[PDB]
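These notes concern the structure reproduced below.
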Amino acid sequence: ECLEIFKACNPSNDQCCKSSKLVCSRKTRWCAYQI
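Going by the working numbering, the sequence shown opens with residue 101, and the numbers climb by one from there.
Following this line, the structure appears as structure tokens:
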């Protein structure tokens with residue numbers, strides 16, 4: 101029920117699964133993994 105990798109992520113719409121390994125990349129505008 102969340103976003104995926106390389107998916108347009110927003111600050112107000114942080115749907116990206118931040119509980120797994122999906123975090124809105126700071127540099128890019130697309131969600132990235134989490135080392």
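Using N, Cα and C, we set each Cβ at its ideal position, and we do this for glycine too.
Check, Outcome
"Out of curiosity, what's the CA-to-CA distance linking residue 132 and residue 123?", "6 Å"
"Let's test the definition: count the other Cβ atoms within 10 Å of the Cβ of residue 109 and tell me whether it reaches 16, buried, or not, exposed.", "buried"
"Report the partner residues of residue 124 according to the DSSP bridge assignment.", "131"
"Do residue 127 and residue 157 have their beta-carbon atoms positioned less than 9 Å apart in this structure?", "In the structure displayed, the chain extends from 101 to 135; residue 157 sits before or after that span and is not available."
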